[PDB]
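Each residue takes its place number in the sequence, starting with 1. Keep in mind that the numbers below use all heavy atoms, side chains included, and drop hydrogens, waters and symmetry copies.
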Amino acid sequence: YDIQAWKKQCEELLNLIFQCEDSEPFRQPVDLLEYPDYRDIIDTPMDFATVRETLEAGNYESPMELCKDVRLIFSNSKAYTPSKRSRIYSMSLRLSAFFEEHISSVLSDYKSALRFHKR
Ligand SMILES: COc1cccc2c1CCCC(=O)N2
């Protein structure tokens, strides 16, 4: 029932994500010089360095907010891909499966702790 435990859990999950080779395209904001039209398609850019910095700044109140930003990295990849068989998109799908598998207990434990707090 520790309401703050999610933060270190998210830090450790982001560390695992940065070790994953599949996170390479998503570790830093997309380079507009490499993808000139990216901002015509993507309204809200997101990347794992921005997620980590937001977390470390104390600018996430809950793991749901972090999860929303991580899911935005994956939905941006899907929206920008020219093909469902593209390399970067294919990496995003494996990374998303790994993220979802690991964030599930973080979210469940936080929501349970908060329900206990408000009992
Ligand atoms: C954070 O990096 C993202 C985010 C959304 C979409 C993509 C990428 C990587 C490079 C550009 C790309 O092909 N797709």
*Would you say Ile88 and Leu72 are hydrophobically clustered, going by side-chain heavy atoms of ILVMFWY under 4.5 Å?*
yes
*Mind checking salt bridge (charged side-chain N to carboxylate O under 4.0 Å, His left out) for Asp109 and listing every partner two or more places apart, or none if nothing turns up?*
none
*Do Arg52 and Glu11 come within less than 4.5 Å of each other through their side chains, counting heavy atoms only?*
no
_Tell me if a side-chain donor or acceptor on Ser108 pairs with a main-chain N or O of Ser105 at a distance below 3.5 Å._
no
_CD1-CZ distance between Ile73 and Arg27, expressed to the nearest 0.5 angstrom_ = 12.0 Å
*How far does OG1 of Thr44 sit from CZ of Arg39, to the nearest 0.5 angstrom?*
10.0 Å
_Minimum heavy-atom distance between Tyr89 and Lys84, given as atom pair plus value_ = CD2-O, 3.3 Å
*Apply ring-ring contact (aromatic ring centres under 6.0 Å, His included) to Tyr80 and list each qualifying residue two or more places apart in sequence or on a separate chain.*
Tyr35, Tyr38
*Between the side chain of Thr54 and the main-chain N/O of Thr50, is any donor-acceptor distance below 3.5 Å?*
yes
*For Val30 and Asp47, run side chain to side chain contact (heavy atoms under 4.5 Å, CB included): C-alpha distance rounded to whole Å, both residues' side-chain angles, the deciding distance at 0.1 Å, then the answer.*
CA-CA 8 Å; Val30 174; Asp47 67 275; over 6 Å; no
*How many angstroms lie between atom CZ of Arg87 and atom CD of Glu24, to the nearest 0.5 angstrom?*
8.0 Å
*Trace of the side chain to side chain contact (heavy atoms under 4.5 Å, CB included) decision for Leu95 with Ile17*: CA-CA 8 Å; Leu95 196 65; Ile17 288 167; 4.1 Å; yes
_Just verifying a value: how many Å separate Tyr110 OH and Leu66 CG, rounded to the nearest 0.5 Å?_
12.0 Å
*With sequence neighbours left out, which residue pairs that include part of residues 46-72 fulfil the ring-ring contact (aromatic ring centres under 6.0 Å, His included) condition?*
none
*What is the distance from atom CE of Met46 to atom CZ of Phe26, rounded to the nearest 0.5 Å?*
14.0 Å
*Please examine the side chains of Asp22 and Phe98, heavy atoms only from C-beta on, and report whether any two atoms are closer than 4.5 Å.*
no
*If you take all heavy atoms of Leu114 and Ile3, which pair is closest and at what distance?*
CD1-CG2, 4.0 Å
*asked:* Can a donor-acceptor pair be found, under 3.5 Å and without considering hydrogens, that links the side chain of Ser83 to the backbone of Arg85?
replied: yes
*Go through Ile103 and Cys10 one step at a time and tell me if the side chain to side chain contact (heavy atoms under 4.5 Å, CB included) criterion holds.*
CA-CA 8 Å; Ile103 205 63; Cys10 286; 4.1 Å; yes
_Using 0.5 Å steps for rounding, measure from the CD atom of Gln4 to the CD atom of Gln9._
11.5 Å
_Determine whether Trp6 and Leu55 satisfy the following criterion, side chain to side chain contact (heavy atoms under 4.5 Å, CB included), listing intermediate values before the conclusion._
CA-CA 11 Å; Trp6 64 278; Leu55 184 67; 3.6 Å; yes
_Would you say CD of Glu101 has more than 12 non-hydrogen atoms from neighbouring residues, nucleotides or ligands within 6.0 angstrom?_
yes
*Crowded around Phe18 CZ? As in, over 12 foreign heavy atoms under 6.0 Å?*
yes
*Flag this pair as yes if the NZ/CZ of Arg71 is under 6.0 angstrom from the six-membered ring centre of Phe74 and inside a 45 degree cone about the axis; otherwise no.*
no
_Side-chain donor or acceptor of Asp2 paired with backbone N/O of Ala113 under 3.5 Å_ = no
